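The block underneath contains the structure these notes are about, expressed in structure tokens.
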């Protein structure tokens, strides 16, 4: 009833990446939730896309 | 389907590694413009 | 505890069930342009492929 | 007759490919001579 | 769903049952002269054998 | 797990000792007969990996709709896809362990659901016939399927690199040497060399007999009699 | 699945090593004996594909009214139609896999309706007699018919192109070499070469015996006893 | 179905390799020994077509009133009528497939009504005796009759044209060569050549034994036991 | 427990006495054939350690999550970790007794809890299959596990240092010499030396037969019949 | 007990292709060789109960 040999066959050596992600689902969810709060500066190319931002944009930095 | 789940994870292995690295590399510059809220930043927030 | 479907397969399945949330995170990273801070050039060279804008804190 | 159906499809394989390509190549010029009906053209209608 | 007569054979039969409609479409393409629009010469070279008239949008 | 460089040296001291291409230091083989020796080791491992079940490997084969015949070559794999000779890839291999085109005999194939499918069973829908040893003919490519194909395998082909590692039991190296000696000494067409080739070839069987007379290559098999409870027999 | 170019090289190092036409680099065969070697490989594969059932292929044969004898040659096929020697084509092959005139023995022929027709049954209407191995005599060419003829096959003829790929099990390459060596060494009519030909030919049987003593060519067959339920025997 | 031109070339590379008449390109036979080789192929096919049942053909024989003995020669046929040695033609052949005088053994003869007539049955009116292998003695030439005579056949005589196609199974070409080699090498009357002739002749039997040990020439026969229901046995 | 330096001397006086590289004092081997002799002792011990069960050793294998195939090589050990070819170490060895890559056959593996797990049992969850002699396929790497793997072992590889001690029974040294003599004398390809190689090789079997005919290598085994009480049988 | 009586359910022999699935009904035989002797005493007299 163990499907572990399949993981060894397919994701054998690179299983460390999956384990590191798994240990960090809570951290990733917290990162996404903070990301949606828009409490940061966002890089924008030209003035045109500056308008194309969420009603919650709080900082922006335009390059060119 | 065990094979379907394993293949779906494997085909997205690079994106998983990218997300995990971005979480570890976390250095997004946060704008505060105020010391009070700057002091109220989380422990992982470097660069402001 | 010791899982019956395999210890690593449980982890793989748990990651699989959360792909949608990870898909939203990846999309938000990809479409909204991001500027990040970097200590040196070596760390700057070691940035991901969706990082368009950076800042080297010398 | 499975063989009859398969052979009937196979002997018309080139015409099927031609029809599918024409559907993908779809570029027939449509005459409108009016902006209103020209704005009322379908999404796949290029060239007018 | 998983067909009993074979997954690809179902598709082949479905195409077969619609040959008459495809025959009418092929006939209408063949007899009524058609003029089509083309972007370049390479795409113009890649036209079907029943295309008598064309137009290269430069 | 020795290296091809070491095999060259050990061959130069035991089997190909009187050979001409032995270098002046006696511990290596000259660069003009190396293609010849390498073409003998590759055949040597193939024979040894054919008699004994030395390398049992399984490669999963995804189902592509419209395809029933599934050759198990390396051109159809994922990491070694060859667009010139394969329309789509359907075998699955990881970058660290790519498919090496090393199927000698196919032994037992399971499914993506866990259902074992019989091999070469004329009256058996749900049976995968093999019309030629390195092929597979599934007569119903159902949706979302795959096939873990347990097969007898040969050693991956030795290209010629002197850093490629050789997978042979340590007890069977005295038989690989006695087969390289046979192949080499039998081509000279001289009476003295031909008579030595027979001795080296016969010694190959003697060592390959002592390996099977002591179960050093895992040939003996015992299994639980699961048939007993199924046929009744309380 | 090796190539004829590789077979030339591997032949030049093991079997035809003392042969005259071996080039100065020892890793190829000169352009004057290549027709000879190619005529030995083609015979070699034919013998190997005759003893063992190595290539089982089926080619469907459409019914043309008024024709009962249906030779399974390549002149009657669709992609290789020869109007000079065939009135109409009745075999069916795709451009990627044309008929290669490679029928050794015909084993089992089905119909367009799924009804199996017996072979060489004197008292059996609905039976396809074969008056010569590469023919077929259907005594009632019914309307809308066809015949999937499962037959033993030989390797497609090697024209001489050095890019044609050879379909042989990896374990049987040590027997193809020992048959090329036999054919080559037996024609020189010298006492030394003749005595070597016998050794190479006998080794061909020894390797062809080890392949059949370990089921490396899929010779053993097991089938479900469907006869049991039909004869009664509740 | 190879050609006599190809048989010349394949003979020049395997069996008659040390022969004198081999041309400078080694891929053909000189124009002075070709009658000799052709006279050996013709005998070779005759022997091969005699042991195995390779070509079963039937030629219908119309009844002419007043004639009971019906030799199955080619002078009595329709397309090859010879007025100098035959009074009237009674065999029936089409222009595309004329009678080739190729009867080795007569096996089973039917009638124009479908009644099978026994062969060599002393007490059996309605029996066609054969007083010599290529004859037929019907003792009652009834009106409106004919006889489909199923007989073992030999390959049609090879005149010498290099475009005549040869009907031999591909697996039996390694035995035709070993018989041409026997006939050629045994006539030189030299000790070296004679000892090679025995080896080539014995190999002919070995290959002709492997063909009959694997049913590659259709020698095994199975028939429905129609006798069972006739003798009673409900 | 003799030393390789002593083995050189004892070889120079009994087996390789007429050898060329014997130094002027007759009690040592010259520095140009020592690689050759060392490559013969290493093979000699491998054969002797293969037939008889001379060295039974167990190396525990910790479980790492996500890994099912557990090759028992030296690159995966702790004291000989090779970061270039192994992601993490999972075997466990002490600095005084590191893993020597000396597994010939795996015999019996226990667990960290004391539960014996069967080997090569198709229908046996809790069974460790070995897909190749020096590997291990545990299908359920449970938490906090390990595997004491009792296996047949070979002598640790003799690098060439003249202070490395050799683990051979004193009664079997008359067979190691007779195998070094065989390997050395059989490579000279001379009629006189070849005939001596056969005598030395046959004497190897004779001494290896007297060792097994007197239980000097611990081959006979007796065990308590624990099966009796389990099957009932009060 | 009832399943053992008529060879069905738990006692149903497994049907695999080729081999038989015949199960002799020993329990049923023993039960039928006892149904009749135990029932006749009640059916032998014109009056069943005697008081």
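Taking the number of other C-beta atoms within 10 Å as the exposure measure, put I:185, I:123, G:143 in order starting with the fewest.
Details: I:185 23, I:123 10, G:143 6.
Lowest to highest Cβ neighbour count: G:143, I:123, I:185.
Can you tell me what the convex hull of the Cα atoms of chain C projects to on average, as an area in nm²? List each step's numbers first, then the result.
Numbers: hull surface 24.3 nm².
Average projection, Cα convex hull of chain C: 6.1 nm².
Suppose a student asked you for the relative contact order of segment I:1-123, using Cα pairs under 8 Å spaced at least 6 residues apart; what percent would you report? Please list the in-between numbers first.
Values: 91 pairs, mean separation 16.6, N = 123.
Here the relative contact order equals 14 percent.
Beyond 18 Å, what percent of the Cα pairs of chain A remain?
Details: 1215 of 2016 pairs.
Above the 18 Å cut-off, chain A has 60 percent of its Cα pairs.
If you average the alpha carbon positions of segment A:28-59 and of chain C, how far apart do those two centres end up, in angstrom?
Each part's Cα centre sits 18 Å from the other's.
Compute the distribution of all C-alpha to C-alpha distances in chain G, in bins of 10 Å from 0, and list the percent of pairs in each, rounded to whole numbers.
Values per bin, smallest distances first: 7, 25, 26, 22, 14, 5, 1, 0.
So how tilted is helix F:173-185 from the main axis of chain F? Cα-based, degrees 0 to 90, rounded to 10.
For helix F:173-185, the angle is close to 70 degrees.
Can you pull a Stokes-Einstein diffusion coefficient for segment I:1-44 at 25 °C (0.890 mPa s), Rh from Kirkwood over Cα pairs, as a whole number of µm²/s?
On the way: Rh = 10.4 Å.
Calculated translational D: 235 µm²/s.
For segment H:66-108, rounded, prolate or oblate, judged on the Cα gyration tensor with a ≥ b ≥ c (square roots of eigenvalues), a/c < 1.5 rounded, else prolate if a/b > b/c? Intermediate values should be presented prior to the final figure.
On the way: a/c = 1.82, a/b = 1.08, b/c = 1.69.
Cα axes put segment H:66-108 in the oblate bin.
For chain B, just the Cα set please: Rg and Dmax, both in angstrom.
Rg, Dmax (Cα atoms, Å): 17.7, 54.
Sorted from shortest, what are the nm distances separating the label point of residue I:10 from equivalent points in the other copies, each placed 7 Å from Cα along Cα to C-beta?
2.3, 4.5, 6.4
Compute the long axis of helix G:34-51 from its Cα atoms, compare it with the longest principal axis of the Cα atoms of chain G, and write down the angle in degrees, 0 to 90, nearest 10.
On a 0 to 90 degree scale, this one is about 50.
Calculate the length of the line joining the C-alpha centroid of chain J to that of segment H:48-63, in whole Å.
Spelled out, the Cα-based centre of one part sits 69 Å from the other.
Translational diffusion coefficient of segment H:9-114 at 20 °C, 1.002 mPa s, Stokes-Einstein with Kirkwood Rh over Cα pairs, in µm²/s as a whole number. If you can, show how the numbers build up before the last one.
Numbers: Rh = 17.2 Å.
The Stokes-Einstein estimate is 124 µm²/s.
How much of the DSSP bridge set in the protein assembly as shown is antiparallel, in percent, rounded to the nearest 5?
Numbers: 67 of 88 bridges.
Of all bridge pairs located within the protein assembly as shown, approximately 75 percent are antiparallel.
Under the convention of a label 7 Å out along Cα→Cβ, give the distances in nm from residue F:190 to the same position in every other copy, shortest first.
Ordered by distance, the counterparts are at 1.4, 1.4, 2.7 nm.
In Å and from the alpha-carbon atoms only, list the Rg and Dmax of segment I:135-196.
In order Rg, Dmax, the Cα atoms of segment I:135-196 give 20.4, 64 Å.
If I take all pairs of Cα atoms in chain J, what percentage of them are more than 15 Å from each other?
Working: 802 of 1275 pairs.
Pairs farther apart than 15 Å: 63 percent.
Which shape class, rounded, prolate or oblate, goes with segment I:26-68 when its Cα gyration tensor gives a ≥ b ≥ c as root eigenvalues, a/c under 1.5 marks rounded, and past that a/b bigger than b/c marks prolate? Please list the in-between numbers first.
Numbers: a/c = 4.14, a/b = 2.36, b/c = 1.75.
Prolate, since a/c reaches 1.5 and a/b exceeds b/c.
Using the 7 Å Cα-to-Cβ label point, sort the distances from residue F:113 to its equivalents in the other copies shortest first and give them in nm to one decimal.
Inter-copy label distances (nm, one decimal, shortest first): 3.3, 3.3, 6.3.
Using alpha carbons only, how many degrees (0 to 90, rounded to 10) separate the axis of helix C:7-17 from the longest principal axis of chain C?
It works out to around 60 degrees.
Kindly put I:159, I:171, F:56 in sequence by how many other C-beta atoms sit within 10 Å of each C-beta, fewest to most.
Numbers: I:159 9, I:171 13, F:56 18.
Taking fewest neighbouring Cβ atoms as first place, the list is I:159, I:171, F:56.
How far, in whole Å, is the nearest Cβ of chain H from the axis relating it by rotation to chain F, and which residue carries it?
Minimum Cβ distance to the axis, with residue: H:191, 20.
Could you state the number of Å between the C-alpha centres of segment G:173-191 and segment G:196-234?
Computed from Cα coordinates, the inter-centre distance equals 26 Å.
On alpha-carbon atoms, Rg over Rh for segment I:54-191 using Kirkwood Rh? Let's see the in-between values first.
Values: Rg = 18.5 Å, Rh = 17.2 Å.
Looking at segment I:54-191, the ratio lands at 1.07.
Output the direction-averaged projected area (hull surface divided by four) of the convex hull of the alpha-carbon atoms of the protein assembly as shown, in nm².
Details: hull surface 350.5 nm².
About 87.6 nm², averaged over all directions.
Take every Cα pair under 8 Å in chain E that's 6+ residues apart, average their separations, divide by the length, and report that relative contact order as a whole percent. Present the calculation step by step, with values, prior to reporting the outcome.
On the way: 36 pairs, mean separation 16.9, N = 58.
This gives 29 percent for chain E.
Does segment I:46-90 classify as rounded, prolate or oblate by the C-alpha gyration tensor (a ≥ b ≥ c root eigenvalues; a/c under 1.5 gives rounded; else a/b over b/c gives prolate, otherwise oblate)?
prolate
May I ask for the Kirkwood hydrodynamic radius of segment I:91-168, worked out over all distinct Cα pairs and given in angstroms to one decimal?
Working: mean 1/r = 0.0687 Å⁻¹.
Taking the inverse mean of 1/r over all distinct Cα pairs, segment I:91-168 comes out at 14.6 Å.
Which whole-number percentage describes the relative contact order of segment F:90-202, with Cα contacts under 8 Å and a sequence gap of 6 or more?
Details: 124 pairs, mean separation 24.1, N = 113.
It rounds to 21 percent for segment F:90-202.
Would you kindly calculate the translational diffusion coefficient of segment I:118-234, applying Stokes-Einstein with the Kirkwood radius from alpha carbon pairs, for 20 °C and a viscosity of 1.002 mPa s, and quote it in µm² s⁻¹ without decimals? Mind showing how you got there, number by number?
Numbers: Rh = 19.4 Å.
Roughly 110 µm²/s, to the nearest whole number.
Among the DSSP beta bridges whose two residues both lie in chain I, what percent are antiparallel, rounded to the nearest 5? The partial results should precede the final answer.
On the way: 16 of 18 bridges.
Here the share of antiparallel DSSP bridges comes out near 90 percent.
Only the coordinates and a few stated rules stand behind these numbers; no lab work does. Please note: Cβ atoms are built from the backbone with ideal geometry, for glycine as well, and neighbour counts cover all protein chains shown.
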